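Peer 1: One structure coming up, written as structure tokens, with questions to follow.
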Amino acid sequence: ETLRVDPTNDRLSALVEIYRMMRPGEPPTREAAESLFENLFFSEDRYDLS
Amino acid sequence: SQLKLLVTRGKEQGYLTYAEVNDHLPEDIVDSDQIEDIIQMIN
């Protein structure tokens, strides 16, 4: 059901959705969206489970 | 409609979490001042 409600289909459109939610209104890009998402949880200088 | 749904759902619930307001407030808004004014009016 979540994939029913889920409007996006692929990593590009999903990253764009994430970018719109985080940094809203700004026109997204492929590169800016990917960079924001990777800097969310998988860049070592911005996310630390101690 | 959206924020109207939020207002009516609140008025039937008697309360509103920050989460529900975030889900219901529009997506064009970027700054926090319009968001806090919306929260003030809605309160």
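Ordered as shown in the structure tokens, chains take letters A, B, and onward, while each chain numbers its residues from 1 and ligands are numbered from 1 in the order shown.
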Just the residues within 6 Å of stretch 21-27 of chain A, please, counting only C-alpha atoms, with nothing from its chain fewer than 3 positions along; format it as a PyMOL selection string.

Peer 2: (chain A and resi 18) or (chain B and resi 28+30)

Peer 1: Could you dump the residues just selected with C-alpha atoms as a PDB file, in the first residue's frame?

Peer 2:
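Produced file selection38.pdb, reproduced below:
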```
ATOM      1  CA  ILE A  18      13.404  14.450  -0.368  1.00  0.00           C
TER       2      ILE A  18
ATOM      3  CA  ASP B  28       5.609  26.624  -0.806  1.00  0.00           C
ATOM      4  CA  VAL B  30      10.243  28.232   3.177  1.00  0.00           C
TER       5      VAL B  30
END
```

Peer 1: Using only C-alpha atoms, select each residue of chain B with any atom at most 12 Å away from an atom of chain A, and give the selection as a PyMOL selection string.

Peer 2: chain B and resi 22-23+26-32

Peer 1: Near stretch 4-7 of chain B, counting only C-alpha atoms, which residues have an atom at most 12 Å away, once you skip same-chain residues fewer than 6 positions from it, shown as a list in words?

Peer 2: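 Here the answer would be residues 13, 14, 15, 16, 17, 18, 19, 20, 21, 22, 23, 24, 25, 26, 38, 39, 41, 42 and 43 of chain B.
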
Peer 1: Where does DSSP see alpha helix (DSSP H) in chain A, if you list the residues as an NGL selection string?

Peer 2: :A and (2-5 or 11-22 or 30-41)

Peer 1: Any idea what's packed within 8 Å of residue A:19, counting only C-alpha atoms, ignoring anything in its chain fewer than 4 positions away? Could you give it as a PDB file with N, CA, C and O atoms, in the first residue's frame?

Peer 2:
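And here's out_19.pdb as it stands now:
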```pdb
ATOM      1  N   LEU A  15      14.856  11.290  -4.746  1.00  0.00           N
ATOM      2  CA  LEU A  15      15.766  12.300  -4.228  1.00  0.00           C
ATOM      3  C   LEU A  15      15.191  13.695  -4.401  1.00  0.00           C
ATOM      4  O   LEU A  15      15.371  14.560  -3.539  1.00  0.00           O
ATOM      5  N   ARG A  23      14.710  21.132   1.747  1.00  0.00           N
ATOM      6  CA  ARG A  23      15.004  22.500   1.330  1.00  0.00           C
ATOM      7  C   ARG A  23      13.910  22.914   0.363  1.00  0.00           C
ATOM      8  O   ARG A  23      14.036  22.738  -0.855  1.00  0.00           O
ATOM      9  N   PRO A  24      12.819  23.467   0.875  1.00  0.00           N
ATOM     10  CA  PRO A  24      11.591  23.553   0.085  1.00  0.00           C
ATOM     11  C   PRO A  24      11.577  24.757  -0.836  1.00  0.00           C
ATOM     12  O   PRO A  24      12.207  25.786  -0.586  1.00  0.00           O
ATOM     13  N   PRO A  28      15.143  22.085  -7.549  1.00  0.00           N
ATOM     14  CA  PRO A  28      16.135  21.041  -7.308  1.00  0.00           C
ATOM     15  C   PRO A  28      16.888  20.692  -8.576  1.00  0.00           C
ATOM     16  O   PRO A  28      16.489  21.051  -9.685  1.00  0.00           O
ATOM     17  N   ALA A  33      20.126  17.353  -5.192  1.00  0.00           N
ATOM     18  CA  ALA A  33      19.317  16.399  -4.444  1.00  0.00           C
ATOM     19  C   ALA A  33      20.157  15.230  -3.949  1.00  0.00           C
ATOM     20  O   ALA A  33      20.069  14.841  -2.773  1.00  0.00           O
ATOM     21  N   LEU A  36      22.441  16.431  -1.050  1.00  0.00           N
ATOM     22  CA  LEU A  36      21.714  16.598   0.203  1.00  0.00           C
ATOM     23  C   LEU A  36      21.424  15.252   0.847  1.00  0.00           C
ATOM     24  O   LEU A  36      21.646  15.061   2.051  1.00  0.00           O
ATOM     25  N   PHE A  37      20.940  14.294   0.053  1.00  0.00           N
ATOM     26  CA  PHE A  37      20.581  13.005   0.631  1.00  0.00           C
ATOM     27  C   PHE A  37      21.801  12.278   1.169  1.00  0.00           C
ATOM     28  O   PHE A  37      21.756  11.718   2.268  1.00  0.00           O
TER      29      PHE A  37
END
```

Peer 1: Within 9 Å of residue A:12, counting only C-alpha atoms, which residues show up once you throw out same-chain ones fewer than 4 positions away? Write them as a PyMOL selection string, please.

Peer 2: chain A and resi 8+16-17+30+33-34

Peer 1: Please measure the separation of atom CA of residue A:47 and atom CA of residue A:32, giving the value in Å to one decimal.

Peer 2: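 These atoms are spaced 18.4 Å apart.
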